[PDB]
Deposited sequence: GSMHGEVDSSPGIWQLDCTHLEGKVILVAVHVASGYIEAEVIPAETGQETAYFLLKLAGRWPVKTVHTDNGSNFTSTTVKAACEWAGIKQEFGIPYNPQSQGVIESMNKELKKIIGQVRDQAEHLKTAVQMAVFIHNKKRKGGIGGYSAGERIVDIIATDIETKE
């Protein structure tokens, strides 16, 4: 299902990291950060990918006027219950291996996102998450 994403948060060095997983592929986006910030994040994602339903596991985004606005503008359905916590874990491990390469945590997070999406999902051969999401989307339009 090409447009289904899970959105979660996580924390490092006193910053919050917003994390969005395309569930069907394992492709992820992320950024360091409010409700405006999540709204902006969602708008940016939806203008790059098919963002149709976003699952979150707590009440926080349902009380954010800008998120609600971004979702209406963009055509996103928020849904509670999510339907990727091993995701936040591998991201941080990768952030561990790159952190020394970067002066800003933000850069480290984006190095780790890069690695995640570009490595072979299976270790060897097959697709990366970055390839799968495009593959998934190509086939849904085709249909």
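Positions of the deposited sequence absent from the coordinates, in order: 1 to 9, 43 to 45, 96 to 103, 164 to 165.
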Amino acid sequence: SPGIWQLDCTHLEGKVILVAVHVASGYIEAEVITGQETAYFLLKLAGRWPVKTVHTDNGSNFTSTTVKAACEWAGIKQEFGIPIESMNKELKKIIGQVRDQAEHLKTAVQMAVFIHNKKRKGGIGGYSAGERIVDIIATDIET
From here on, numbers count along this sequence of modelled residues.
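Residue-level annotation: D100 has coordinates in all of the other entries compared, counting only those that model residues on either side of it, so it never reaches the one-third mark. Omission of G47 is seen in none of the other entries compared for this protein where the adjacent residues are built, far below a third. In this entry, 97 to 105 shows the higher mean Cα temperature factor of the pair 24 to 32 and 97 to 105. Averaged over their C-alpha atoms, the temperature factors of 61 to 69 and 113 to 121 are higher for 61 to 69.
Taking the PDB entry at face value, the top CA B factor among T56, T38, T53, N88 belongs to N88.
In the PDB entry, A129 places in the lowest third of its chain by CA B-factor. In the deposited entry, the Cα temperature factor of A46 places it in the middle third of its chain's modelled residues.
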